[PDB]
Each structure stands twice: as structure tokens, then as C-alpha cells.
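This document opens with one chain alone, in C-alpha cells, the form deposited in one PDB entry.
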């Protein structure tokens, strides 16, 4: 009968190729045992891909959070980042008026009475290369350049007007090529959403007057209707545009 119960002679379920007995091992709070150095490397290496996520801290066996006293030096800065993203995500959800969504208010569902968890799941945050702050990159591998994840404040090509409440703390730009929030800033000049960035050769090559007009989907998609997915008036597709304060924009 196939069981995930650990044996003395088992392989480490991070590295797979060496026995737990072959190098120093720790017993995590969840009860599972791993090499010390493997646990350390996992916490150093963090998440896969540009979006800030926290699945990497899951025990490979039971998926509970990895925790041990000797890992506190690596876990502390992760916890700090977690709390910063969670705080920002929740605030964005509240300012969007989405914190009483049915996915939060219905007893028994995954995010019941957990608006901050809902928001972390809903929204994609990124680390700004320049200021090191987590920034919002829209609603949700390692073949990317971390130096091209830059927040709106740090890529402020239009010298946008300040938010009276927030300054530039939540300043965001659109994708140059579609009605989406920017993730990447390339060439020192150009904002891209993730999808347009994936097709950046084609997108930068399309003659400007042939780009889709608002409402524009990524990768040159002409959407139907006359309502901008960003709910703002903006210049023609193919021009940079500061969306202003990402939390105040909703209302303003």
C-alpha cells in the first residue's frame, strides 16, 4: 500500500539523489525530515517565474509551511515580504470594492472570511529591480530578466502627476501595446504586460496604426465593444500612458 510515511533509509524529498542519513538533516515542525542544506537552498532560491508567490515554502511531503528554528534567518525576510504583498493586495481589493465578493462571504468556500488570501490569489505582484518594493502588475518560468521588472514610480517616463493621498506609491503605467497594466519595462523606454512581453518582437514591429484600438487585448487582439478593460481614457495603443494611482483610479 503506497504511503508517504518516511523511512530511515528514504531519499531527501528536495534533492532526491541522496539519503537523508548521508548528510545533516532536520525535522521540520510538520514532522517531515529533510537535509538541512536542501531546506536552506529552497528558502534562498524562492519562487519560480517573475510573479511573487509562496508555494516554495510548502513541505514537499505534506505541503504545510516549512518551519524550523535554524531556518529563521531565511524565513524572516520571506515572512516580511509575504506580509507586505498581503497588505498591498488586501488594500487593492478593498479600494476596488471587491472584498465582499461571494468567494469571500459564502460560508464553506476556500476564501470564506479571508479577503487578504483571496486578494493574494487574484493579483500578481512583482519585485521592482530598482526600489526593491513589491508592485502590482494586474490580475493573475525563470527565463526573464529581473532587471526589467520595474514599478511605475521607477519607470516614470511621463513624469506623472502625484496622488494627493499616495504620492507615487501605487503609480502604474499601461502596457504600451494593449489595455493592460504594465509588468516589464524594456529598453529603458517601453512598458509591457506579460503577454505582450512574450511576443515583444512582433508587438514592437506592428506599424502603430495597425495596432488594435481600445479595447485592445494583448498580443494585438482587437476586443469587442467600446469599454476599456482598464476603465480609463488613454492615448492610442502604441503610446506610453501613466494610469495614475492604482488604488485611487477605481473611484477616483
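Here, rigid core means the biggest group of C-alpha atoms that superpose within 1.5 Å across both forms. Residue numbers count along the first chain shown, from 1.
Omitted from view is the form deposited in another entry, to which the following refers.
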Comparing between the shown form and the other one on the core: of 30, 43, 186, 206, the CA moving 2 angstroms or more sits at 30
With both forms fitted on the core, give yes or no for whether the Cα of residue 15 moves by 2 angstroms or more between the shown form and the other one. yes
Relative to the superposed rigid core, does the CA atom of residue 166 travel 2 Å or more between the shown form and the other one? no
Aligned on the rigid core, do the two forms place the Cα of residue 59 2 Å or more apart, comparing between the shown form and the other one? yes
